[PDB]
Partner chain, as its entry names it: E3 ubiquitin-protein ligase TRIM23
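As structure tokens, one chain now follows by itself in the form solved without the partner chain.
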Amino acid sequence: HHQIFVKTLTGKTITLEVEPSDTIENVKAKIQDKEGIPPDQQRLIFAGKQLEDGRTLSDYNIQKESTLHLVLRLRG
């Protein structure tokens, strides 16, 4: 396991403990636990990609102390 950072555009950093084989789905569930944001409303971005729920941290080459951007799904 290692840490990653999840950063909002309000300048807030969420630090998560994760494993390489964790899926984005699993990560969004953690973010829900920390910030109460429903996974269906979370958009995570890394390497300019909108990350897919079924892929893993390793799939995206996310590593120790990598940062992911977190923004909300734009409604309306």
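Numbering follows the first chain given and starts at 1. For clarity, a rigid core is taken as the largest C-alpha set superposing within 1.5 Å between two forms. Shifts are known only where both forms have a C-alpha.
Higher average CA B factor: 36 to 44, of the stretches 36 to 44 and 22 to 30. The question of which stretch, 60 to 68 or 7 to 15, has the higher mean Cα B factor is settled in favour of 7 to 15.
What comes next is about the form solved in complex with the partner chain, which is not displayed.
In the bound PDB entry, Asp33, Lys34, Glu35, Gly36, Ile37, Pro38, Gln41 are the residues of 26 to 41 with at least one heavy atom within 4.5 Å of the partner chain, listed from first to last. Among the candidates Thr13, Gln63, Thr10, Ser21, displacement between this form and the one not shown reaches 2 angstroms at the C-alpha for one position only, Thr10 (superposition on the rigid core).
Taking a Cα shift of 2 Å or more after superposition on the rigid core as the cut-off, the stretches of three or more consecutive residues that move between this form and the one not shown are 8 to 11, 74 to 76.
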